[PDB]
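Residue numbers (the entry's author numbering), protein chains in the order written: chain B, 140 to 493; chain C, 140 to 493; chain A, 2570 to 3028, 3298 to 3630. Contents: one structure, followed by commentary.
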Amino acid sequence: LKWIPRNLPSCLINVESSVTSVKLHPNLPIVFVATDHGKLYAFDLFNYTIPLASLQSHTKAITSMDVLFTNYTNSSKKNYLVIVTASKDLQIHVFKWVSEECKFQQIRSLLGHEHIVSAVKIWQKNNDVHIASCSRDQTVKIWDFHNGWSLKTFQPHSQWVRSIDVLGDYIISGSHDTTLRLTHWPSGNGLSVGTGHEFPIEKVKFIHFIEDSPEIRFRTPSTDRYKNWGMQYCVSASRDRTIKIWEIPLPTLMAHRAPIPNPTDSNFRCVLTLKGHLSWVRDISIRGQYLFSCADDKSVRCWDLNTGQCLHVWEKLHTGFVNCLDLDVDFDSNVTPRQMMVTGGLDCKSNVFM
Amino acid sequence: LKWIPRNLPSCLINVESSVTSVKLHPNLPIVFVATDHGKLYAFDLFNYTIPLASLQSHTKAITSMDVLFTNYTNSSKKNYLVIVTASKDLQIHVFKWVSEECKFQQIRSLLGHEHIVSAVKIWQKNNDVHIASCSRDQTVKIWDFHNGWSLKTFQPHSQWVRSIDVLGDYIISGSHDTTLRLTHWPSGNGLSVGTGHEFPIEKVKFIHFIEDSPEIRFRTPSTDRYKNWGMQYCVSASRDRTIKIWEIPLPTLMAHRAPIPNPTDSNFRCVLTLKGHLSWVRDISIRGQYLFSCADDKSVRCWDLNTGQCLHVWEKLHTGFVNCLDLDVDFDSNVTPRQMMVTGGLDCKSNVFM
Amino acid sequence: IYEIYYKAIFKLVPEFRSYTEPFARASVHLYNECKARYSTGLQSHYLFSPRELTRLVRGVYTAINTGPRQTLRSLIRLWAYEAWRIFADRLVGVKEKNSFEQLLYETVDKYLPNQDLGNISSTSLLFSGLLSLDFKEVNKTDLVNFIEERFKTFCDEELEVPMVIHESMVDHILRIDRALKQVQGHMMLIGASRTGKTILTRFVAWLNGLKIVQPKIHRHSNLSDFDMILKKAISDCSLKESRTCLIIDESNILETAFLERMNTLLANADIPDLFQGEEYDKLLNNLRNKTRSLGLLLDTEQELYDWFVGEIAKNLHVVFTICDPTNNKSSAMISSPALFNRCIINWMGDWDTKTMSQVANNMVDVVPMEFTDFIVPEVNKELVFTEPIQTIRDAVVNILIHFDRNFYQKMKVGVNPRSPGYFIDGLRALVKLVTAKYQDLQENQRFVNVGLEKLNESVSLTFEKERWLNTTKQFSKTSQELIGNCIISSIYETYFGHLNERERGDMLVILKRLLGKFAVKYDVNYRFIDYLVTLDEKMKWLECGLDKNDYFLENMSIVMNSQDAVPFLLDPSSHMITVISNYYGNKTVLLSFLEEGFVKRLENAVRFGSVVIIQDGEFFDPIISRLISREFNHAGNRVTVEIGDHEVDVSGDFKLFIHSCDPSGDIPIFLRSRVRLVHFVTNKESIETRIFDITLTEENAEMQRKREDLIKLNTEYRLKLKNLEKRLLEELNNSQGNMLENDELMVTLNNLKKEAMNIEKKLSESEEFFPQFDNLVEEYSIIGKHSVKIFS
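Here it is in structure tokens:
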């Protein structure tokens, strides 16, 4: 389908200060507004101003948030009941969502990163047992979600790590060194290195249930079926003022494990480069046929992933940096609820589109 | 939209002394409690009971609080960081509310009334160029809002002017002289004077977005196209132990510009008299179908505006006299959280109903 | 020649080719007009070289490379905006610039009269400082605000500074950005140090990610260490193939030989001996590996080394900053036309009064200058050249306009380059207090709010009402003069404690009668040296012998306990050697920050605890390194980024200031200008007092110390009243006139009946001792005054 989360803020949200990330609860039409207060707010998309939850606890600010979407029923059972966030206070804050439509209690507070934790991604692949995290320490860590343990640490980056994802048995991360690096969650064996940017990595993201992106760019580019079934896509928006559609199947961290190891461990693949505009991209939504991004320039953009053509620019949705978007995942039965985008930014506002 | 701001004190606000006026923030999940310390207290409607922003500046007692709400956008952008109060110590204070959810610093003292200032409103109507206020000195004053400059003074009431409203060009006021008044500010041409109370006026309120109220009761019996736009309605409750619904330009305080136009300076146009509770009325508030009022007998009544039938009584709001109540209005998209009545009184508390 | 330059341009934008030659002649005419009108005999910066015409074109031509289409107005916008961007910005004299604007204006009337001079030659507007040129423009005041927004992406232990970009400063910023675009964008910043300048070069380094290269050396070391730095810096340029950005403070020139190494670098992008012989060869080995990495044939030694200097050139962009050197280079280090015609020199110095209206504008917008019953603070005289003051922020604006204007001129301490970041430091001190003392005003009402929280219902008020009420209303009585006292402290924070009497007097003396015409109240004791220090603390200093008779040493009770920039603690007099070591006394030295850094000769000497400055006689070269001049301000390389605080963890009490005994001590020039010069001008009262101290050994020296202890003794009873407020917190709301029906009354004020007497006890003892001690010191003035004359 063509997802059209447009119209014009069905709900205008005036926030105490700025917003860093707004994402939808796995099952309910409520979102969690991650602010710089650091307060996490529970928010029914069809109501305002909601005092349901003003979860002050992120001592400094909310830098990361995950588990608001789920891909596996037995873990889902707890995922709709939990969330993993992280702050500038070096803690990875794991909470328990309850039937009250909010994170009633805290489950875990993880510490080991010393310079600011920049991003956390949960190993849903491990039934919500392992947690991937990264930070300004140039370091990537694995934690035990259900026990609060530091399970495994890796050193990939040369610079302060900016973003993170989970894919295969390896941990995806991007940083200020402009290079993406991916190491094996159990050993350090790599699954990607990307020297595909001039400037630092700002946003990474694995393809989901949307073969439309493969229809547009079948990958791998060399023998797609080599790993078409294993399409471990990723993307990497960066300070190049681009949104590059990436791939870890053939810029794999095989450190020349033959001579030129296929074409892995080099100048990163770059499936499709969406040349951006005059500012830095803050968020994206890989729709499949389309991509919905936003940037410091106050704009939200509809991109046609068929060559990466910005179909429409909405520079007036915010009056400050657009910090975040959340066009809810493809999912029939809730097409209108999924064709709904929430956003937040520098201007202390947040908006609900559809 | 319908509403149920009932149940029982969902939040019990704890103030060191008596509560005098409570102002819900229109867009944030917080509430401002004016007291007789004179101390304002922001309270967090989720994280309660917490005195989010205890504010000291008034040496005697705070009688009024405004600027959380507005009539002009560009100035309101600048005034969302502003809160304006009135006081028994003659202080009408302008507070620069800071994004930290606290009135960090005052930016203008508003002086002029030599006697207890019991109400202040701001003429946001002129691109927020002016300020309305009234007091025990039988006088109404206008300040240049942007500079705090007493630009216009009026003589309306013969007694303590208890309350004042902003109607663009007109000034609603009530007082101890049992005679409800209104003034055409641009010329100082009284637009009302109605001696309809037996006992001293305690509380008045300008008709807002409730033109369905005319379908319930309306004077003169017909023809709202004559001048409803100039025949500004209000409610005036008093020590009569009744609540009177009013139209006050029918009994205009004008220098009889023909004979007596309508009942100008004559038979006071009390639209509807309510009788239920047993004492001097301290507050009123029209939600639309219903009017929630309070009195010295501690009994709040959800008056069905349609002829005046109390739906429900809240003798349980406070153990002291109920000084005020604050109905949050439901609007499309922003509906469920608006099911709320925050009250306050002599028992030093401010209870939140929902 | 320039007809060729411009007819080329009008083949590129032939739609308005009709300008061609007269356009070229407008360029050359204005040039010769200004060359003749402003010769080098006026000043060297009026050296109108024919390559200034090429420079003029560089802005014009590179703009048409971005331009979408030309119009005659766009064309003259480009040219005449560029003309003052080049031909006027390259100059200093403002009246010469006014005539320039008219020479420009008239030049257009002479050759290109058809276009809009009114909105172009007469105003310093910028071509979209944050967008691609394209003959597009953006309001530069708005650009300042847009920068505020945009630098939030660099607001991370990088910028984060409470200072304002002057609208002339943003003109300077864009010019800097242009210089950054320039290959080998070498610069020379002339003017106010570390105040929208040195700070600004750091800003653009943070905003653009530029490698500030520093000469991390010491006078003990020599050119050899510079050579090392140059080897690793040039390795970054040519071997790592990365863009560097050498930042030079004129005090970095170790020696002429070093400068000569630099001169050849400037001439041939290389350094003799340093990158010759084996260094040449090892570079060729590394370089060919880098051109091999590039897949190029440049490996060939000659091409390789040419690549070395070519890669370097792309990666140099040396930004030099400067305050007039005393080594004859006050006439510019760039004495030669060879450097003059190649280095981008910013003749800034000071800023306009009009500019100060905009500086102050934003400076009063960024911080909460407004108050309650405070109406306005200026009584003296002068709202001239400005708008009549309607409120407090307006006052600061008017003040700044005439204040910075004359604070400072009168050539004693460099009449042409004043530093507004000091008025910002003064204002920043006003901000420290506009917040803190304002908050104290809320706390003040809170003091009586709290008292009120349990009056009526639980009191039998005597003194408590007197105190409660008097202070309750004194909060409004003090509604003017609080600022007046604060202003004076900011004057001293601005320049009284740094700038010499005449350069200072330019505003200071006249400020006493020319602050403005709109309220304030000064309040007799508005004295800076008392205003910012707690009496208990001041006594900790006086009890330790503080030379209070020297105004600027009495000041140390504040500065040592609250000083941002290093104070010049000159001690041949050993006034503060005596006092600092006494104040220190039983206190421990330095400790929070604990890592030894790079200067263990000092860190081993100071890392123990509470009080310390770089101690008695510890002169720069022997103790303080140039590494410290950097790390002193901040140091995330030792205070790990893991903490998050990249500033070195050093408090004021143990902040490493220097007890130099050399009046012309080795303070790095920017720090020499950014220093609280502490004056040890042993005042006549200090002369006779030090002599008193000698003569006090006759019998009663200890009496001096005893009274100071006793002054502090008087402060013991603040809690006899403050505890009442604490004990008057809860029962007001039960006030029914039954205050005598319970012991909530007596539990607080029956105690006061005796606590009030306690207030009198040790307090009065101190006072009984006071005159007794005074009579044992003053008696030596019979010869103390003689020693004053003897000292003269």
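Cβ coordinates follow ideal geometry from the N, Cα and C atoms, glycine included.
Where residue i falls: helix, strand or coil (DSSP)
i       : result
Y429/B  : strand
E3582/A : coil
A3539/A : coil
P2906/A : helix
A2652/A : helix
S156/B  : coil
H2755/A : coil
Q244/C  : strand
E3341/A : helix
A258/B  : strand
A2838/A : coil
Cβ-based burial, residue i [other Cβ within 10 Å; buried from 16]
i       : result
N406/B  : exposed
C2724/A : exposed
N3323/A : buried
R2788/A : exposed
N2915/A : buried
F2940/A : buried
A2652/A : buried
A3403/A : buried
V2597/A : buried
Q3574/A : exposed
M3595/A : exposed
Residue(s) in a DSSP beta bridge with residue i
i      : result
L321/B : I311/B, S331/B
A173/C : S160/C, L179/C
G484/B : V461/B
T381/B : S377/B, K414/B
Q195/C : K178/C
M479/C : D467/C
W282/C : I270/C
Contact set for residue i: own chain, Cβ-Cβ below 7 Å, skip 5 residues either direction
i       : result
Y429/C  : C441, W442, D443, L444, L450
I2689/A : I2645, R2646, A2649, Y2650
Same chain, Cβ closer than 8 Å to residue i, neighbours up to 5 away in sequence not counted
i       : result
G3482/A : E2726
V3615/A : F3530, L3534, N3538, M3541, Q3542
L3578/A : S3298
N213/C  : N266
Residues near residue i in its chain [Cβ-Cβ closer than 6 Å; skip 5 each side]
i       : result
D379/B  : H336, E337, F338
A173/B  : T159, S160, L179, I201, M204
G483/B  : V158, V161, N462, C463, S489
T359/B  : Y365, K366, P388, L389
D3385/A : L3391, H3413, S3524
Inset, instruction - Only counting runs of 3 or more residues, tell me where the beta strand (DSSP E) segments fall wholly within the segment 338-369 of chain C, in order along the chain. - result: Segments of the beta strand (DSSP E) lying fully in the segment 338-369 of chain C: 340-345.
Legend entry - Ordered list of beta strand (DSSP E) runs contained in the segment 2793-2832 of chain A, each at least 3 residues: The DSSP assignment places 2813-2818 as complete runs of the beta strand (DSSP E) inside the segment 2793-2832 of chain A, in order along the chain (cut-off: 3 residues).
Legend entry - Within the segment 2863-2902 of chain A, ranges of the beta strand (DSSP E) (whole runs, at least 3 residues): Restricted to the segment 2863-2902 of chain A, the beta strand (DSSP E) segments that are unbroken, complete and at least 3 residues in length are 2888-2891, listed in chain order.
Legend entry - Start-end ranges of the beta strand (DSSP E) lying completely within the segment 393-464 of chain B, minimum 3 residues: Entirely contained in the segment 393-464 of chain B, the beta strand (DSSP E) runs reaching 3 residues are, in chain order, 411-414, 420-422, 429-434, 439-443, 448-452.
Inset, instruction - Taking only runs that begin and end inside the segment 2909-2972 of chain A, name each unbroken beta strand (DSSP E) of 3 or more residues, in chain order. - result: 2913-2918, all fully within the segment 2909-2972 of chain A.
Legend entry - Every unbroken alpha helix (DSSP H) within the segment 2677-2734 of chain A, with a cutoff of 4 residues, ordered by chain: Assignment of alpha helix (DSSP H) within the segment 2677-2734 of chain A, counting only whole runs of 4 or more residues, yields 2709-2719 in chain order.
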